[PDB]
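What follows is one structure encoded as structure tokens, with my remarks underneath.
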Amino acid sequence: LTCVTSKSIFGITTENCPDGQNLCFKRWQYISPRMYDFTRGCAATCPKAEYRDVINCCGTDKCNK
């Protein structure tokens with residue numbers, strides 16, 4: 001599995017996920033009422049987000065682009 005790890009106007013950076021990591025993720029991390037921080041990459045499991053966070057996972061190449 002290959003996942004996107006960063007994206008902008010320049011394009012995307014991708015990573016061939018390590019062994020056992022067969023999901024891509026997108027995560028919104030609550031920082032404060034007016035701020036969320038965004039990450040995306042490879043994962044082994046799709047953890048349940050704690051309150052105020054959102055985590056979405058998928059299992060096909062570059063699905064988190």
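By convention here, the chains of the structure tokens are called A, B, ... in the order presented, each chain's residues are numbered starting at 1, and ligands are numbered starting at 1 in the order presented.
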So that I can check the secondary structure, give me every residue of chain A assigned strand (DSSP E) by backbone DSSP, as a PDB file with N, CA, C and O atoms, in the first residue's frame.
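Wrote it out as out.pdb, contents follow:
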```pdb
ATOM      1  N   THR A   2       0.485   2.196  -0.873  1.00  0.00           N
ATOM      2  CA  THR A   2       1.089   3.519  -0.893  1.00  0.00           C
ATOM      3  C   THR A   2       0.047   4.536  -0.452  1.00  0.00           C
ATOM      4  O   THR A   2      -1.093   4.503  -0.932  1.00  0.00           O
ATOM      5  N   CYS A   3       0.467   5.435   0.438  1.00  0.00           N
ATOM      6  CA  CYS A   3      -0.409   6.477   0.939  1.00  0.00           C
ATOM      7  C   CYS A   3       0.181   7.851   0.711  1.00  0.00           C
ATOM      8  O   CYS A   3       1.391   7.998   0.612  1.00  0.00           O
ATOM      9  N   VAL A   4      -0.686   8.855   0.655  1.00  0.00           N
ATOM     10  CA  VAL A   4      -0.230  10.241   0.560  1.00  0.00           C
ATOM     11  C   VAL A   4       0.165  10.694   1.976  1.00  0.00           C
ATOM     12  O   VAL A   4      -0.543  10.384   2.940  1.00  0.00           O
ATOM     13  N   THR A   5       1.300  11.390   2.105  1.00  0.00           N
ATOM     14  CA  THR A   5       1.715  11.920   3.413  1.00  0.00           C
ATOM     15  C   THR A   5       1.711  13.446   3.501  1.00  0.00           C
ATOM     16  O   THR A   5       1.701  14.007   4.604  1.00  0.00           O
ATOM     17  N   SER A   6       1.774  14.108   2.351  1.00  0.00           N
ATOM     18  CA  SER A   6       1.523  15.545   2.310  1.00  0.00           C
ATOM     19  C   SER A   6       1.056  15.951   0.915  1.00  0.00           C
ATOM     20  O   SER A   6       1.310  15.254  -0.075  1.00  0.00           O
ATOM     21  N   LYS A   7       0.315  17.030   0.833  1.00  0.00           N
ATOM     22  CA  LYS A   7      -0.266  17.487  -0.393  1.00  0.00           C
ATOM     23  C   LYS A   7      -0.423  19.037  -0.420  1.00  0.00           C
ATOM     24  O   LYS A   7      -0.828  19.623   0.526  1.00  0.00           O
ATOM     25  N   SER A   8      -0.097  19.613  -1.565  1.00  0.00           N
ATOM     26  CA  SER A   8      -0.316  21.021  -1.813  1.00  0.00           C
ATOM     27  C   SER A   8      -0.294  21.242  -3.311  1.00  0.00           C
ATOM     28  O   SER A   8      -0.350  20.314  -4.106  1.00  0.00           O
ATOM     29  N   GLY A  11       2.112  19.350  -5.508  1.00  0.00           N
ATOM     30  CA  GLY A  11       1.706  17.985  -5.801  1.00  0.00           C
ATOM     31  C   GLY A  11       1.558  17.214  -4.509  1.00  0.00           C
ATOM     32  O   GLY A  11       1.157  17.770  -3.485  1.00  0.00           O
ATOM     33  N   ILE A  12       1.871  15.917  -4.585  1.00  0.00           N
ATOM     34  CA  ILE A  12       1.821  15.034  -3.426  1.00  0.00           C
ATOM     35  C   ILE A  12       3.177  14.382  -3.141  1.00  0.00           C
ATOM     36  O   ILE A  12       4.012  14.153  -4.040  1.00  0.00           O
ATOM     37  N   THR A  13       3.374  14.088  -1.865  1.00  0.00           N
ATOM     38  CA  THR A  13       4.411  13.185  -1.406  1.00  0.00           C
ATOM     39  C   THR A  13       3.701  11.930  -0.960  1.00  0.00           C
ATOM     40  O   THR A  13       2.709  12.002  -0.233  1.00  0.00           O
ATOM     41  N   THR A  14       4.213  10.796  -1.420  1.00  0.00           N
ATOM     42  CA  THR A  14       3.664   9.498  -1.095  1.00  0.00           C
ATOM     43  C   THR A  14       4.691   8.665  -0.356  1.00  0.00           C
ATOM     44  O   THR A  14       5.888   8.969  -0.403  1.00  0.00           O
ATOM     45  N   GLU A  15       4.196   7.648   0.351  1.00  0.00           N
ATOM     46  CA  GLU A  15       5.033   6.686   1.058  1.00  0.00           C
ATOM     47  C   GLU A  15       4.510   5.295   0.807  1.00  0.00           C
ATOM     48  O   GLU A  15       3.311   5.056   0.917  1.00  0.00           O
ATOM     49  N   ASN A  16       5.417   4.390   0.451  1.00  0.00           N
ATOM     50  CA  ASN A  16       5.132   2.960   0.416  1.00  0.00           C
ATOM     51  C   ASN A  16       5.091   2.515   1.869  1.00  0.00           C
ATOM     52  O   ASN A  16       6.109   2.531   2.557  1.00  0.00           O
ATOM     53  N   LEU A  23      -3.455   0.447   5.844  1.00  0.00           N
ATOM     54  CA  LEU A  23      -4.431   1.528   5.727  1.00  0.00           C
ATOM     55  C   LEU A  23      -3.749   2.861   5.461  1.00  0.00           C
ATOM     56  O   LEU A  23      -2.609   3.076   5.884  1.00  0.00           O
ATOM     57  N   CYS A  24      -4.454   3.726   4.736  1.00  0.00           N
ATOM     58  CA  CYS A  24      -4.144   5.155   4.709  1.00  0.00           C
ATOM     59  C   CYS A  24      -5.095   5.864   5.640  1.00  0.00           C
ATOM     60  O   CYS A  24      -6.224   5.416   5.814  1.00  0.00           O
ATOM     61  N   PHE A  25      -4.641   6.969   6.221  1.00  0.00           N
ATOM     62  CA  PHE A  25      -5.481   7.772   7.099  1.00  0.00           C
ATOM     63  C   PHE A  25      -5.478   9.251   6.743  1.00  0.00           C
ATOM     64  O   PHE A  25      -4.575   9.762   6.089  1.00  0.00           O
ATOM     65  N   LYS A  26      -6.533   9.914   7.207  1.00  0.00           N
ATOM     66  CA  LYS A  26      -6.605  11.360   7.290  1.00  0.00           C
ATOM     67  C   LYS A  26      -7.054  11.617   8.723  1.00  0.00           C
ATOM     68  O   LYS A  26      -7.976  10.954   9.222  1.00  0.00           O
ATOM     69  N   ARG A  27      -6.399  12.553   9.399  1.00  0.00           N
ATOM     70  CA  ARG A  27      -6.767  12.888  10.774  1.00  0.00           C
ATOM     71  C   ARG A  27      -6.871  14.395  10.974  1.00  0.00           C
ATOM     72  O   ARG A  27      -5.980  15.147  10.597  1.00  0.00           O
ATOM     73  N   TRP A  28      -7.969  14.815  11.584  1.00  0.00           N
ATOM     74  CA  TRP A  28      -8.117  16.194  12.027  1.00  0.00           C
ATOM     75  C   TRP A  28      -7.993  16.186  13.542  1.00  0.00           C
ATOM     76  O   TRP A  28      -8.795  15.560  14.243  1.00  0.00           O
ATOM     77  N   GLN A  29      -6.968  16.865  14.040  1.00  0.00           N
ATOM     78  CA  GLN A  29      -6.705  16.959  15.476  1.00  0.00           C
ATOM     79  C   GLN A  29      -7.206  18.295  15.987  1.00  0.00           C
ATOM     80  O   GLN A  29      -6.771  19.352  15.540  1.00  0.00           O
ATOM     81  N   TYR A  30      -8.137  18.239  16.931  1.00  0.00           N
ATOM     82  CA  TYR A  30      -8.615  19.457  17.578  1.00  0.00           C
ATOM     83  C   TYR A  30      -7.504  20.040  18.427  1.00  0.00           C
ATOM     84  O   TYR A  30      -6.881  19.354  19.252  1.00  0.00           O
ATOM     85  N   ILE A  31      -7.251  21.319  18.212  1.00  0.00           N
ATOM     86  CA  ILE A  31      -6.223  22.041  18.954  1.00  0.00           C
ATOM     87  C   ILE A  31      -6.865  23.025  19.924  1.00  0.00           C
ATOM     88  O   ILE A  31      -6.489  23.083  21.100  1.00  0.00           O
ATOM     89  N   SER A  32      -7.818  23.802  19.419  1.00  0.00           N
ATOM     90  CA  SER A  32      -8.577  24.769  20.216  1.00  0.00           C
ATOM     91  C   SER A  32      -9.897  25.011  19.459  1.00  0.00           C
ATOM     92  O   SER A  32     -10.068  24.489  18.350  1.00  0.00           O
ATOM     93  N   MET A  35      -9.119  26.046  15.908  1.00  0.00           N
ATOM     94  CA  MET A  35      -8.015  25.411  15.217  1.00  0.00           C
ATOM     95  C   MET A  35      -8.013  23.875  15.166  1.00  0.00           C
ATOM     96  O   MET A  35      -8.047  23.254  16.167  1.00  0.00           O
ATOM     97  N   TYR A  36      -7.846  23.351  13.974  1.00  0.00           N
ATOM     98  CA  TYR A  36      -7.627  21.927  13.743  1.00  0.00           C
ATOM     99  C   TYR A  36      -6.321  21.754  13.001  1.00  0.00           C
ATOM    100  O   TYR A  36      -6.008  22.532  12.096  1.00  0.00           O
ATOM    101  N   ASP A  37      -5.561  20.728  13.375  1.00  0.00           N
ATOM    102  CA  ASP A  37      -4.334  20.384  12.660  1.00  0.00           C
ATOM    103  C   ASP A  37      -4.551  19.099  11.873  1.00  0.00           C
ATOM    104  O   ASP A  37      -5.139  18.142  12.380  1.00  0.00           O
ATOM    105  N   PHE A  38      -4.058  19.069  10.633  1.00  0.00           N
ATOM    106  CA  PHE A  38      -4.353  17.964   9.708  1.00  0.00           C
ATOM    107  C   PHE A  38      -3.125  17.100   9.405  1.00  0.00           C
ATOM    108  O   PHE A  38      -2.025  17.611   9.159  1.00  0.00           O
ATOM    109  N   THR A  39      -3.312  15.780   9.473  1.00  0.00           N
ATOM    110  CA  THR A  39      -2.254  14.829   9.101  1.00  0.00           C
ATOM    111  C   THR A  39      -2.823  13.754   8.201  1.00  0.00           C
ATOM    112  O   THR A  39      -4.015  13.498   8.200  1.00  0.00           O
ATOM    113  N   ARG A  40      -1.959  13.139   7.405  1.00  0.00           N
ATOM    114  CA  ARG A  40      -2.367  12.011   6.569  1.00  0.00           C
ATOM    115  C   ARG A  40      -1.152  11.120   6.376  1.00  0.00           C
ATOM    116  O   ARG A  40      -0.022  11.610   6.411  1.00  0.00           O
ATOM    117  N   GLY A  41      -1.385   9.819   6.199  1.00  0.00           N
ATOM    118  CA  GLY A  41      -0.289   8.889   5.985  1.00  0.00           C
ATOM    119  C   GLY A  41      -0.731   7.443   6.073  1.00  0.00           C
ATOM    120  O   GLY A  41      -1.871   7.133   5.763  1.00  0.00           O
ATOM    121  N   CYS A  42       0.205   6.571   6.462  1.00  0.00           N
ATOM    122  CA  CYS A  42      -0.011   5.120   6.594  1.00  0.00           C
ATOM    123  C   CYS A  42      -0.368   4.731   8.023  1.00  0.00           C
ATOM    124  O   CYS A  42       0.095   5.377   8.957  1.00  0.00           O
ATOM    125  N   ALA A  43      -1.128   3.648   8.174  1.00  0.00           N
ATOM    126  CA  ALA A  43      -1.487   3.110   9.496  1.00  0.00           C
ATOM    127  C   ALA A  43      -1.721   1.600   9.457  1.00  0.00           C
ATOM    128  O   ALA A  43      -2.093   1.043   8.422  1.00  0.00           O
ATOM    129  N   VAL A  54     -11.279  13.825  14.286  1.00  0.00           N
ATOM    130  CA  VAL A  54     -11.923  12.998  13.263  1.00  0.00           C
ATOM    131  C   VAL A  54     -10.806  12.187  12.594  1.00  0.00           C
ATOM    132  O   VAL A  54      -9.756  12.732  12.266  1.00  0.00           O
ATOM    133  N   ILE A  55     -11.003  10.879  12.449  1.00  0.00           N
ATOM    134  CA  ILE A  55     -10.028  10.016  11.752  1.00  0.00           C
ATOM    135  C   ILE A  55     -10.794   9.232  10.683  1.00  0.00           C
ATOM    136  O   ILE A  55     -11.828   8.618  10.973  1.00  0.00           O
ATOM    137  N   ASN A  56     -10.319   9.294   9.437  1.00  0.00           N
ATOM    138  CA  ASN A  56     -10.918   8.527   8.354  1.00  0.00           C
ATOM    139  C   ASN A  56      -9.839   7.649   7.743  1.00  0.00           C
ATOM    140  O   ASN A  56      -8.749   8.140   7.451  1.00  0.00           O
ATOM    141  N   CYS A  57     -10.130   6.360   7.545  1.00  0.00           N
ATOM    142  CA  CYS A  57      -9.151   5.425   6.967  1.00  0.00           C
ATOM    143  C   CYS A  57      -9.709   4.745   5.734  1.00  0.00           C
ATOM    144  O   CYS A  57     -10.928   4.594   5.582  1.00  0.00           O
ATOM    145  N   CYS A  58      -8.801   4.365   4.844  1.00  0.00           N
ATOM    146  CA  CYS A  58      -9.156   3.664   3.624  1.00  0.00           C
ATOM    147  C   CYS A  58      -8.012   2.739   3.234  1.00  0.00           C
ATOM    148  O   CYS A  58      -6.904   2.856   3.775  1.00  0.00           O
TER     149      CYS A  58
END
```
Using only C-alpha atoms, which protein or nucleic acid residues come within 7 Å of residue A:22? Drop anything in the same chain fewer than 5 positions from it, and give the result as a ChimeraX atom specification.
/A:1,43-44,59
Give the answer as one residue: which of A:33, A:20, A:63, A:10 has the shortest atom-to-atom distance to residue A:45, using only C-alpha atoms?
A:20
